[PDB]
Amino acid sequence: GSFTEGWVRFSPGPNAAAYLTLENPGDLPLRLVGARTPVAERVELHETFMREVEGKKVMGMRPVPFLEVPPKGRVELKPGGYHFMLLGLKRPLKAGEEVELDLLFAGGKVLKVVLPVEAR
Ligand SMILES: [Cu+]
């Protein structure tokens, strides 16, 4: 509580990406394995990283099976790394809009967030 928040990324095209702050209020660990949203057909769960090829340093991205958050702790889907990919959007979405995410937590759980959309 503070921020604790996120934003969905601008795109008028077929796909987008989403960044957000995961926080665990429980005494047991939470584990984010999936998601949902009213502005996609697929969600996918991704990482992002720095990488070397030929001694020349670039960035890259991959899908991943889940994220972990320890009890009383927090971890963001940060723009310098982990994020959802949203594909098959239902608003062509843009700076100053408004979007839900649903976050599928391991063993019978879910969290809902509401995020703004940003040209970020
Ligand atoms: Cu991605």
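Residues numbered from 1 in each chain as written, not as in the entry; some residues may be left out. Heavy atoms only, no water.

Deposited coordinates in this entry are attributed by the record to solution NMR.

Concerning the coordination of the copper ion
Keep this limit in mind: Listed donor atoms are N, O and S within 2.8 Å of the metal (Na, K and Ca: 3.2 Å). As water is not included, a site may look incomplete. In short, tetrahedral needs four donors with all angles between 85 and 135 degrees, square planar needs four and octahedral six donors with opposite donors over 155 degrees apart and all other angles between 65 and 115, and whatever is left is irregular. The numbering of helices and of strands both runs from the N terminus, where a helix is a DSSP run of H or I of at least 4 residues and a strand a run of E of at least 2. Exposure is judged per residue with a 1.4 Å probe applied to protein chains only, and the accessible area is read against the type maximum: over 50% gives exposed, under 20% gives buried, and values in between give partly exposed.
Taken together, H46 (ND1), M61 (SD), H83 (NE2) and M85 (SD) make up the full set of protein donors to the copper ion, lying 2.2 to 2.4 Å away. For the copper ion, the four donor atoms in the first shell make angles of 99 to 123 degrees at the metal, so the coordination geometry reads as tetrahedral. Sequence spacing of the donors to the copper ion: H-x14-M-x21-H-x1-M. Of this pair, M61 sits in strand β5 (residues 56-63) while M85 sits in strand β8 (residues 83-87), and the two are 24 residues apart along the sequence. The exposure class of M61 is partly exposed, given its relative accessible area of 45%. For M85, a relative accessible area of 18% gives the class buried.

Quick word on the packing of aromatic side chains
The condition is simple: What counts as a ring pair is set by centres within 6.5 Å for rings of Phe, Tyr and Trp (its six-membered ring), and what kind of pair is set by the plane angle: stacked under 30 degrees, edge-to-face over 60, tilted for all other angles.
Within this structure, the stated rule accounts for one aromatic pair. Centre to centre, the rings of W7 and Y19 are 5.4 Å apart; their planes meet at 45 degrees, and the pair counts as tilted. One end of the pair, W7, is in strand β1 (residues 6-9); the other, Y19, is in strand β2 (residues 15-23), and twelve residues separate them in sequence. Residue class for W7 comes out partly exposed when judged on its relative accessible area of 23%.

Digging into the pattern of salt bridges
For clarity, the cut-off: Put simply, a salt bridge is a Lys or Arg side-chain nitrogen that is within 4 Å of an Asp or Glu carboxyl oxygen.
On inspection of all chains with the given rule, the structure shows 16 salt bridges. A salt bridge links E52 to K57; its shortest N-O distance comes to 2.7 Å. Accessibility expressed as a relative area gives 36% for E52, which makes it partly exposed. For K57, a relative accessible area of 56% translates into the label exposed. Salt-bridge contacts for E54 lead to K56; the nearest nitrogen and oxygen are separated by 2.7 Å.

Overview of the pairing of strand β3 (residues 30-36)
Counted only if it meets this: Any two strands with at least two DSSP bridges between them are considered paired.
Pairing analysis gives three bridges linking β3 to strand β6 (residues 67-69), with the strands arranged antiparallel. Residue pairing for β6: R31 is matched across the bridge by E68. Note that β3 and strand β9 (residues 98-105) share four bridges and pair antiparallel. Across the sheet, the residue bridging to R36 is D102, located in β9.

Considerations on the side chain of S11
Threshold: Polar contacts, as counted here, are pairs of nitrogen or oxygen atoms within 3.5 Å of one another; within protein the pair requires one atom able to donate a hydrogen and one able to accept it, and residues that are adjacent in sequence qualify only if both atoms are side-chain atoms. Two residues form a contact once any of their heavy atoms are found within 4.5 Å.
Examined against the element boundaries, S11 turns out to sit in the loop between β1 and β2. Residue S11 is classed as buried on the basis of its relative accessible area of 11%. A distance of 2.7 Å separates a polar atom in the side chain of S11 from the backbone oxygen of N15. Contact partners of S11, with chain neighbours within four places excluded, come to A16, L89, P92 and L93.

Observations regarding a nonpolar patch on the surface
Note the following rule: Patches draw on residues past 30% relative accessible area with no salt bridge. Two like charges within 9 Å are joined, as are two nonpolar side chains (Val, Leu, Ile, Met, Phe, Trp, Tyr) within 5 Å. Under the convention used here, a 1.4 Å probe and the Shrake-Rupley method define accessible areas, while residue burial counts only the protein chains that appear.
On the surface, a cluster of nonpolar side chains totalling about 320 Å² of accessible area is made up of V33, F66, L104 and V110. Within the fold, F66 resides in the loop between β5 and β6. Among the residues examined, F66 registers a relative accessible area of 36% and is labelled partly exposed.

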